[PDB]
Amino acid sequence: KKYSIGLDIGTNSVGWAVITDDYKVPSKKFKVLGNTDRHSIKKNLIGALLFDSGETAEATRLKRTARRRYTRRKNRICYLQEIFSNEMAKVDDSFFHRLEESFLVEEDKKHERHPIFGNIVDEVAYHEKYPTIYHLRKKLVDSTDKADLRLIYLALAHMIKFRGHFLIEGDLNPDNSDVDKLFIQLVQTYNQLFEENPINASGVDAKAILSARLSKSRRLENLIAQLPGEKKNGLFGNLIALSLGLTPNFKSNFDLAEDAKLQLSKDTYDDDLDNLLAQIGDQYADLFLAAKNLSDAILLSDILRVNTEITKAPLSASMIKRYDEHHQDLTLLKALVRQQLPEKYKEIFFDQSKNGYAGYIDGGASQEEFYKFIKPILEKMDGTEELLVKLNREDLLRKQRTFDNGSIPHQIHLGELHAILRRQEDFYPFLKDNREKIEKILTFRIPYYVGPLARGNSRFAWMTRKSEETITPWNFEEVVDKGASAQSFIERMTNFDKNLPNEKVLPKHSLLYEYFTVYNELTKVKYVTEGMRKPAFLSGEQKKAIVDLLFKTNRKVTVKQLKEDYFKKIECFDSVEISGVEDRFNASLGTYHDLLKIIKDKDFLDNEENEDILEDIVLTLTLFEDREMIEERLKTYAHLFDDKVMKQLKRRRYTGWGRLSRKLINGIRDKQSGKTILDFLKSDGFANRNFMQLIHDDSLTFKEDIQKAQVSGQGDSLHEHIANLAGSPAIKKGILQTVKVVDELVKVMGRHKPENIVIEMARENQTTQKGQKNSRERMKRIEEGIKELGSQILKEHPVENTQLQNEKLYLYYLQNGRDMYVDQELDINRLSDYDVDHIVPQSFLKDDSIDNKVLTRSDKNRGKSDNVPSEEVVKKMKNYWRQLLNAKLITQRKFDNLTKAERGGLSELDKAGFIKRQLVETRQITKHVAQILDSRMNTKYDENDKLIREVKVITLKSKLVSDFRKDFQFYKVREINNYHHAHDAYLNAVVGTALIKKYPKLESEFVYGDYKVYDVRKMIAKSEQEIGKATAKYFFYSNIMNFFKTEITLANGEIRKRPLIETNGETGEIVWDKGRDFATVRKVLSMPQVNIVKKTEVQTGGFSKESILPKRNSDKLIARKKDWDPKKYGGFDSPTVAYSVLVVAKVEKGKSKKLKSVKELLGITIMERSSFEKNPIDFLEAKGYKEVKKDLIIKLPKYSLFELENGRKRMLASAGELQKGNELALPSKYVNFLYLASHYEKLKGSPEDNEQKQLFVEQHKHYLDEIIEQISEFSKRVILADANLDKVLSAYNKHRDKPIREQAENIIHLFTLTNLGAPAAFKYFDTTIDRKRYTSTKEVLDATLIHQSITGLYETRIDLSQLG
Amino acid sequence: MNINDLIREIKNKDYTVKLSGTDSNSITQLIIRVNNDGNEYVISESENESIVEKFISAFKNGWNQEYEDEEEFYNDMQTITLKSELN
RNA sequence: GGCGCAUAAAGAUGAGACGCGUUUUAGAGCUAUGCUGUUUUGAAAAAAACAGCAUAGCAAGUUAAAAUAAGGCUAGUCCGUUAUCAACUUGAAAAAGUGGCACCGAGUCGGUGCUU
């Protein structure tokens, strides 16, 4: 039985379909497992697979980092206890035990309630003598007297847990800490970045302006007023305002799509800037790094202000002066309140619920809520000056422990610790004998290259241990082999190229890679010298000359710098039409300018032998971060550099990764040529090509050369192969589930291998569907065109961006009110019957772009041919269209489309292009899917190595099946029901297998493998129509869907009519049965049984909701620790039910507590799952259930399908609720009438079906009441939402005489009431009908459990009511 | 106003949101799970009104509707009526 | 679909560190009014509150300790929210195995015939 399989790959579903030769969908009676009356179910062999998406591994990485950092923190506390173990035991024994039980209730505690000092008296005098710990800190640095042991331990014990960022390197000096050198570092970055428009910041004083307190926004324009001028919205201006703490926009600063707001204090910055970076390019991230660094300098000058007794008192005096300003400012403020208002004094100070004082201190609030609360109220107060300066200065009432503590360099804690150790070195000699251990503890830092301290037990770490003892920070060097472990860190952190595996890719800023990309921009340069009329690609003499001149001179090179400084300075040409680069270069030798600026030796950089030396330096400056292994790795290069630049070279860094490896560029060669990719970029003859053609040169060796490496060596199983891929995790989950569905699928049909496997896959978009993300872009095209013209069309008719998407008006604004074909003026009001004709008609390429469609009055203004537009028009209009050329109204591609009449007509290369745009599969991961499905199915070798390729792997593109679907009107409303995916995969099989029937002769372009290389250099006829049943040519017309039609309309009303039942000439076998295929396939798509399987899951993830709630006494809380009361200590709430167990047991009924045989649902947390697997029956007797019956323990996961009366299918949501399962069988004429009802204003084609489909919409008003009938008498069987149903029926009866379009739109919105999964809300015309779910679960006990296979073709039906 | 407006800030309140939708599956039913339970909440995207405007248009009010289990959730959403409008 | 310049881009991935935030406790609340409690002089009320309670008015109000997914054993200054998954058949797992074909019609698949 010959058959083939259609598939479709999204990210939540996969469509699977089985077709036969006449495209009749098969159907089989099936075996039923369980205990029902029915023992066979006839099912159609077509459906889809639904499943929840596959999340990335980011959150688990973050919580892993959090657990590790709290682990190291607590173990630092354990270290400090280890040093002060004995002497603290000398004075007071249970002190550390008091610190251990600081968290309990005094009932639960077994020592004194006062942790510090034991008594009441020294504790009260402790808080009165020292209110904070900072007073104690500044006391202990500025002391001569002895102090208490537990006091000093508590001091330095505070000094360990909070140590500030290690992100500065070195010590505190104006090279890295003052605002002047870092500000001028930013200045050199800015002017040295641009090289044009040089600004000055020499005589200005950013220390005096930025350092002293004032208003921030008032400070903002002042530094603008000290520089000569950029703007108040300058890039430097918004940059420095960003560095102060204001969060500016950067939309108009770079002319980007959306707004570009960044908050440095927000945690979004560390990737949101990255998404900003992807809209500007990588050249600016160092400038943003300098902005962040200078912002840290501003914050450091903000926190340190005291400078009088600066001898070892940098911090604590500033903190306690801030404490005092809080104190006296509170007193004067309260005196101002009671002095002025005896109302709202309680609302400020006794509230803790309205963002007041008590909320900012004792309640739950923040400083934004408090300042935003008090600011009009304090503004209302009668006499109140010199406090708004604290409002704009953030100075009033500000606490100690804030979010601005993230600025603190650890050296302040280091030396501040250190002076305390100097004042205490004399009294307590243990400190004197342990001080290097103390500063060693504080200054410890696990490097990047080391990684975690495993013992081979991790999944993630790679440490090797040169000695074998406990890894301790006293003697950290005694264990670590940095060479071997860091060598693994070189190996564990490099990536492998897909385009060249078994090899390590390059860093991003390699000199080799930058030569690759600068040459990859210069390979597209095709310049016209004025007098040859020839855009000629460059020579290696020319390219090497320019690289010798310009790319070794400056980074950002414009075209006027280019043609001025080369073509006239060297070559003496005035105007050269350099067609490739518009203004500036996408690639630049920035690292070349870096190191050439550093070591100042052009001979050293132009050596061919120091290149791999620079690969070592680029590699080490790429990877490592800890400076010691930075410098020793270049002690190998201690010879070349005489230590001056090595005072600087260790600082400079580079991040990123190249997409290629050196063995793919400067590795393999053409054996015919003996040339690397660099050699082709410096010598590609007359035809200099881009690297995408260097891969895809099918005549040349490089597709074979890469492809012999793309095949694996010793291949692993399926799972590691899927782990080798490149995409989202969810698309990989779609690949794996696709393979599983193919596996069970071929296990269904006789265990016979299939014949053709078609794949469609396109996903991962977030571009907001281009409704309003495009009118600003094409409106910007209007503003550029009108900007160059000056013929102000926007003075007599300005239009709106809701109506800018419609192509008629937009094409009217494109051509400056002048028609292309006839030199005439297109009138304003007659745009309705104005015609939209294509450059190349609808028989050669299905194109709806701007690049093809132009606006005119008549179709006959073009000429008389389906060929290129007539030479009585282009030669006629070679002036105004060249004005469109000079003003950039058209691209060069659309230019040669319009000036294709220069080429006479459509050539072999033309139809070569139009055929090779329909079918060339250009997604990498799609070809990988084709390889993985290729490996499993075809496995019969021969005596040779030949894969006997019985199974064809056909890959299509969405334009073919999509435009087939739209042309033959088999419409697709994504919102009726989930059946549409299976119909999409079915049509994928239709178009794919129709291609393998009609054209087997060029299977080698849309099937992976090695078929015949016979192509369209001879399959295109060099003349008109080939003869009947004697055609060696493919066809004439570049569309491949023409033979499904009846009429092939030419550009003259001419019906090219192709034969009815299509065959193939070389086979003599029929390929298209036009007489019955559309009633057949239309009968297929209207089928009421389509296999829908929502895939089951075991719910994993986090334990519960994480925000810790206060100590109430509700009995549904989960304790944080096992010794902690959920009442007397609080805890978490709302756990995560992994899966629901179904249990028969006996509860103790009534006051007599007698065994009552029940069968009830029970939810399971994830926090009890491993306990449930370890012993379930002891867990359930621990739950309070007796007489467990283990053979009736029914594990019911999430989305386990249940069946009720009339086939009322419902999906099991969790233990607490249900979800809704049955589907909708809709006749296809209703689907089409809702489609064209929805598409009435956006029909997008010829007026024949605009009027035809329009009147056809106007026919069937009956269909609307038939659809509401279907939802009516359908919804009473399975939904049972009675009041909602009467609301929508009555509301439907109200607005019956509505305008048709939006009425049908509200019908489409009314279809959500049926759909699968969660209950939703929706809005018929104005009345938004509220959702309604089913929290009940008692009915499922009396229902039909169904277990499903992964294709839903082995149902297993279990009845709960038959169970005892 | 954006999608990751709602994702990040409703993420910041102690709920879980993990939407699922891309081409060609032209549906973007985000999931809410107002209780960590089978009481998940859902809004789609359809052709006329983006899911931001579906969200704020669906939650200008408090909780006042039928179910007595979700109301604090709606109160949470009440706060995020006002933050994105005046930032 | 965006073909967005006929071209087609960019991808999972894992190591370091801060800063919060949250929660419980320590941060003795003071005075006046009224109440429950034992004393006190008492054949019973009767202050001495030492306490607790509630209500008013006052008073201060910034910080610390601990934990930060339950915990696990392999006990490491490691790991625990990723991917992975119907059922029954064995098998510790790893895994492997488990179900006829044509024809007719279509309201969630049903019916007919044959092979058994």
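The rules behind these values
- Residues numbered from 1 in each chain as written, not as in the entry; some residues may be left out.
- Chains lettered and ligands numbered in written order.
- Heavy atoms only, no water.
- Residues with missing side-chain atoms left out of burial classes, pairs and counts.
- Helix = DSSP H or I, 4+ residues; strand = E, 2+ residues; numbered from the N terminus.
- Rg over C-alpha atoms; globule rule 2.2 N^0.38 Å.
- Contact = heavy atoms within 4.5 Å.
- Axes fitted to C-alpha atoms, helices over the stretch in contact; angles between N-to-C directions.
- Left-handed = near helix turned anticlockwise from the far one by under 90°.
- Nonpolar A, V, L, I, M, F, W, Y, C, P; charged D, E, K, R; others polar.
- Pairing = 2+ DSSP bridges.
- Expected span 1.5 Å × (residues − 1).
- Buried < 20%, exposed > 50% of the residue type's maximum accessible area, 1.4 Å probe, protein only.
- Polar contact = N/O pair within 3.5 Å; in protein donor to acceptor, adjacent residues only side chain to side chain.
- Near = heavy atom within 4 Å.
- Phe/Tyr/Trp six-rings, centres within 6.5 Å; stacked < 30°, edge-to-face > 60°.
- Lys NZ or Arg CZ within 6 Å of the ring centre and 35° of its normal.
- Patch = residues over 30% accessible without salt bridge, like charges linked within 9 Å, V, L, I, M, F, W, Y side chains within 5 Å.
- Areas by Shrake-Rupley, 256 points an atom, 1.4 Å probe, with all protein chains shown as cover.
- Salt bridge = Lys/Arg side-chain N within 4 Å of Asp/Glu carboxyl O.
- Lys, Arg positive; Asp, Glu negative; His and termini not counted.
- Charge placed at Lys NZ, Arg CZ, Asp CG, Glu CD.
- Core = buried A, V, L, I, M, F, W, Y, C linked by side-chain atoms within 4.5 Å.
- Parallel < 35°, antiparallel > 145°, perpendicular 65-115°, else oblique.

Looking at the method and resolution fields of the entry, one finds cryo-EM and 3.9 Å.

Further remarks concern the overall build of chain A. Along chain A, the regular secondary structure elements total 54 helices and 30 strands. Scaling as 2.2 N^0.38, a compact globule of 1364 residues should have a C-alpha radius of gyration of about 34 Å, and chain A matches this with 38 Å. Seen through its C-alpha atoms, chain A measures out along the principal axes to roughly 115 × 105 × 80 Å. Once local pairs closer than 6 in sequence are excluded, the contacts in chain A between residues at least 24 apart make up 64%.

This part covers the packing of helix α50 (residues 1228-1238) of chain A against helix α51 (residues 1247-1259) of chain A. Residue and element names in this part refer to chain A. Running from N to C, α50 and α51 cross one another at 115 degrees; their axes reach a closest spacing of 10 Å. For the element pair α50 and α51, the recorded crossing hand is left-handed. Where α50 approaches α51, its residues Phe1233, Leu1236 and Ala1237 are matched on the opposing element by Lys1253, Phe1256 and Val1257. Its residues assigned to classes, the contact of α50 with α51 comprises five nonpolar, no polar and one charged.

All names here are of chain A. A sheet is described by the order of its strands in space; here six strands give the open sequence β4-β30-β29-β24-β25-β26, paired in mixed fashion. Looking at strand neighbours, the two that pair on one side only are β4 (33-34) and β26 (1219-1220), the edges of this open sheet. With two bridges connecting them, strand β24 (residues 1201-1204) and strand β29 (residues 1344-1347) associate as antiparallel partners. Bridge assignment links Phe1202 to a residue of β29, and that residue is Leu1345.

Turning our attention to the interface of chain A and chain B. Between chain A and chain B, the residue contacts involve 42 residues of the former and 27 residues of the latter. Its residues assigned to classes, the side of chain A that touches chain B comprises eight nonpolar, 18 polar and 16 charged.

To continue, consider the sheet that holds strand β13 (residues 952-955) of chain A. Residues and elements named next belong to chain A. If you walk across this open sheet you meet the six strands as β13-β10-β1-β2-β6-β18, and the pairing is mixed. Looking along the sheet, the strands with just one partner apiece sit at the ends: β13 and β18 (1091-1094). For this sheet, the mean angle separating the axes of adjacent strands, direction not counted, is 15 degrees. Packing against the sheet, helix α42 (residues 924-937) makes contact with β1 (4-9), β10 (756-759) and β13, and its axis sits at approximately 155 degrees to β10.

All names here are of chain A. Here helix α23 (residues 511-522) is twelve residues long and its end C-alpha atoms lie 16 Å apart, about the 16 Å a rise of 1.5 Å per residue gives. Burial within α23 is extensive, with nine of its twelve residues counted as buried. Among the residues of α23, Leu511, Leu512, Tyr513, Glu514, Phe516, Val518, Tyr519, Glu521 and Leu522 are the ones counted as buried. Where α23 is buried, its residues touch α24 (540-551), α28 (611-623), α30 (662-665), α31 (677-682) and α32 (691-695). For α23, the N-terminal cap is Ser510; the gap from its side-chain oxygen to the backbone nitrogen of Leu512 is 3.0 Å.

All names here are of chain A. Surveying the vicinity of RNA strand C reveals 134 residues, the closest of which are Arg68, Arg113, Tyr357, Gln400 and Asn405. The protein-proximal atoms of RNA strand C, defined as those within 4 Å of the protein, are 60% sugar or phosphate. Take the surface near RNA strand C: its biggest share by element is 16 residues, from helix α1 (residues 58-83). Residue classes in the surface near RNA strand C are distributed as 49 nonpolar, 40 polar and 45 charged.

Here the focus is the packing of aromatic side chains. All names here are of chain A. Per the counting criterion, the structure on display carries 54 aromatic pairs over all chains. Ring geometry for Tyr126 and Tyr130: centres 6.1 Å apart, planes at 50 degrees, overall tilted. Here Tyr126 and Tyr130 have matching classes, each one buried. Lying over the aromatic face of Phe349, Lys334 brings its terminal NZ or CZ to 5.6 Å of the ring centre. Here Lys998 stacks its cationic end above the ring of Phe1043, 5.4 Å away from the centre of that ring.

Quick look at unusual backbone geometry now. Put simply, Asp23 of chain B and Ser24 of chain B share a cis peptide bond, and its omega is -5 degrees. Structurally, the position occupied by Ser24 of chain B is in the loop between α1 (3-12) and β1 (30-31). Despite not being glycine, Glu195 of chain A shows a phi value in the positive range, around 75 degrees. Look at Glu386 of chain A: it is not a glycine, yet its phi comes out positive at around 60 degrees.

Turning our attention to a negative patch on the surface. All names here are of chain A. A contiguous patch of negative charge on the surface is contributed by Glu58, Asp270, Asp271 and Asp274. When residues of the negative patch are assigned to their parent elements, the largest contribution, three residues, is made by helix α12 (residues 269-277). Mapped onto the elements of the fold, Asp270 is located in helix α12.

Turning our eyes to something else, we now look at the pattern of salt bridges. Residue and element names in this part refer to chain A. Per the counting criterion, the structure on display carries 47 salt bridges over all chains. Between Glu416 and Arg137 there is a salt bridge, with the nearest N and O atoms lying 3.2 Å from each other. Taken together, the residues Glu416 in helix α19 (residues 410-423) and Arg137 in helix α5 (residues 134-141) connect sequence positions 279 residues apart. The two residues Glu416 and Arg137 agree in class, both being buried. Here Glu628 ties to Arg627 by a salt bridge, and the two come within 2.9 Å at their closest N and O atoms.

All names here are of chain A. Within the largest apolar cluster, 54 residues are counted, with the highest numbers of intra-cluster contacts made by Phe551, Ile578 and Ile617. Examining the composition of this core, we find that seven residues originate from one element, α23, more than from any other. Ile617 has contacts with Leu634, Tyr637, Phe641 and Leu649, leaving out every residue within four places of it along the chain.

All right, on to the packing of helix α36 (residues 775-789) of chain A against helix α37 (residues 807-814) of chain A then. Residues and elements named next belong to chain A. The interhelical angle for the contact between α36 and α37, taken along N-to-C directions, is 25 degrees, at an axis separation of 10 Å. Accordingly, the angle class assigned to the pair α36 and α37 is roughly parallel. Counting all contacts with α36, which are made through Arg778, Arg781 and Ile782, the residues of α37 involved are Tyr810, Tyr813 and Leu814. Among the residues forming the contact of α36 with α37, the class breakdown is four nonpolar, no polar and two charged.

A separate point is a nonpolar patch on the surface. Taken together, the side chains of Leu1060, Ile1061 and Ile1070 of chain A present a nonpolar region at the surface, about 320 Å² in accessible area. Its place among the elements puts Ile1061 of chain A in strand β16 (residues 1061-1063).

Residues and elements named next belong to chain A. Relative to the helices and strands, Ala461 resides in the loop between α21 (435-442) and α22 (482-493). Between the alpha carbons of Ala461 and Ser488 there is a distance of 9.6 Å; along the sequence they are 27 residues apart. Not counting the four nearest positions on each side in its chain, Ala461 is found in contact with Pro452, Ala454 and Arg492.

Attention now moves to the environment of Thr81 of chain B. Residues and elements named next belong to chain B. Inspection of the secondary structure puts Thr81 in helix α3 (residues 71-82). You can call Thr81 buried: its relative accessible area is 17%. As for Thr81 and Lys60, which are separated by 21 residues in sequence, their C-alpha atoms are 6.8 Å apart. Apart from residues lying up to four places away in sequence, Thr81 is in contact with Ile56 and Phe59.

As a further point, take the environment of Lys740 of chain A. Of note, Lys740 of chain A is situated in helix α35 (residues 729-748). Distance in space between the C-alpha atoms of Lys740 of chain A and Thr1351 of chain A is 9.0 Å, their sequence separation being 611 residues.

Here the focus is the side chain of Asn39 of chain B. In this structure, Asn39 of chain B sits in the loop between β1 and β2 (42-43). A distance of 2.9 Å separates the side chain of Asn39 of chain B from the side chain of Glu70 of chain B, its partner in a polar contact.

Residue and element names in this part refer to chain A. By the bridge criterion, two bridges tie strand β7 (residues 526-529) to strand β8 (residues 536-537) in an arrangement that is antiparallel. Across the sheet, the residue bridging to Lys526 is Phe537, located in β8. Here β7 hands over to β8 after six residues, with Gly531 in that stretch at a positive phi of 140 degrees.

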